[PDB]
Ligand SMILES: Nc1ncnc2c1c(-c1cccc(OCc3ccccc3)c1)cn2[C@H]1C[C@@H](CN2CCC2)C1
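Before any questions on binding or motion, here is one chain by itself as structure tokens, the form deposited without the ligand.
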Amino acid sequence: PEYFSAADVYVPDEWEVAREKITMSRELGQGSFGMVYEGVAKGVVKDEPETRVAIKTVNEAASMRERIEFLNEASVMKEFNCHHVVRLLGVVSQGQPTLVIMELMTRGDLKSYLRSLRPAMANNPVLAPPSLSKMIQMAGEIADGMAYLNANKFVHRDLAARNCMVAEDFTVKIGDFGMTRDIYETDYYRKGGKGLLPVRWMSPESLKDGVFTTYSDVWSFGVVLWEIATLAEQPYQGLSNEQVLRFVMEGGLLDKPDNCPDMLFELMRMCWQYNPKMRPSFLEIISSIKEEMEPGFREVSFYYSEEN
């Protein structure tokens, strides 16, 4: 809705947390709306006196409209309950700065995580790249979070490794808004001279017609798999953003990464079917690899839940 829309207001509800129950520990990095911190919050998790959390803030210099948009975005997550999607824990809409309390993902974003693995292997011959089993586990976790979102009628539009997060126990989850690292702004292009678009992750139809659907999210998922298999190299390395636009719309595809397991590349190719409807749904993707997932997946996934 644009012509007739919701008002720019935020009504405090059960998600409101008293600032007295929060403490700031240290800075994590600049987010889209403002500095993000790591901290502690009391009474946000059942049977847990205190919880380590991520705290997103809104720059004190932002307009009231921007503070409202911030809260608006957080509110969308109030209805989410998926192990593979970073969880909203609370909101502080009174006083300054405005804050959103989120589940802490101690290992950061997946792109940064993947890139940090290369130098470690280069320094110790004992280490080897992530096994097929580990890559499949990540694939299923990401696919599960996306299947959950799609089931609730939501599309991502910017699915990429930089927007997936890694937990303390290495579980990968779909990240929350305004967390993309500043250094990855280079992953976006002013297509046609308009807004910033993640062209190297976009489907042919998104590039050509400007439409995004669950089908296009699946296309991006394919690119995320490619990122996992390449330890986050830049897709279409030898092409400028403009060249990528043409290459992909004309049916071009990313090359199979070196040493990439056959089954992983085959999944990529299915995610990159030119015709959107020919791509598998996230549920179909999971069904094709569920036998290779960790036993614990059956217990925490949306896939095996009663909601599916």
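Between two forms, the rigid core is the largest collection of C-alphas that superpose within 1.5 Å. Numbering starts at 1 and runs along the sequence shown.
According to the PDB record, 59 to 67 carries the higher mean C-alpha B-factor of the two stretches 59 to 67 and 277 to 285. Across the two stretches, 263 to 271 and 39 to 47, the PDB entry reports the greater mean Cα temperature factor for 39 to 47. Residues shown: 82, 172, 196, 202. Highest C-alpha temperature factor in the entry: 196. Within the listed group 117, 139, 160, 232, the record reports its top CA B-factor for 117. Per-chain ranking of the deposited C-alpha B factor places residue 122 in the highest third. Sorting the modelled residues of the chain by their CA temperature factor places residue 109 in the lowest third. In the PDB entry, residue 217 places in the lowest third of its chain by CA B-factor. For residue 130, the recorded CA B-factor ranks within the highest third of the chain. Only modelled residues enter the ranking. For residue 206, the recorded CA temperature factor ranks within the lowest third of the chain's modelled residues.
Here the subject shifts to the form deposited with the ligand bound, a form of this protein not shown in this document.
Steric access to the site is blocked in the shown form: after superposition of the site C-alphas, the ligand as positioned in the deposited complex has three or more atoms within 2.4 Å of backbone or C-beta atoms. Of the candidate stretches 53 to 61, 253 to 261, 238 to 246, 272 to 280, only 53 to 61 has residues with heavy atoms within 4.5 Å of the ligand in the deposited complex. Contact with the ligand in the deposited complex, defined as a heavy atom within 4.5 Å, is made by none of 223, 226 and 284. Here is the short version: of 218, 142, 102, 92, the single residue with a heavy atom within 4.5 Å of the ligand in the deposited complex is 102. In the deposited complex, the ligand lies within 4.5 Å of some heavy atom of residue 36.
With a 4.5 Å cutoff on heavy atoms, residue 207 does not count as touching the ligand in the deposited complex; it lies far away. In the deposited complex, the ligand sits within 4.5 Å of a heavy atom belonging to residue 165. Contact between residue 40 and the ligand in the deposited complex is not found at the 4.5 Å heavy atom cutoff. Rigid core superposed between the shown form and the other one, residues 107, 191, 200, 83 considered: the one with a C-alpha shift of 2 Å or more is 191. Core-aligned CA deviation for residue 235 between the shown form and the other one: less than 2 Å. In a rigid-core overlay of the protein, residue 180 has its C-alpha displaced by at least 2 Å between the shown form and the other one.
Note on residue 160 and residue 191: their C-alpha atoms are more widely spaced in the deposited complex, a change of at least 3 Å from this conformation.
Legend note: Cα of residue 199 to Cα of residue 180 is at least 3 Å closer in the deposited complex than in the depicted form.
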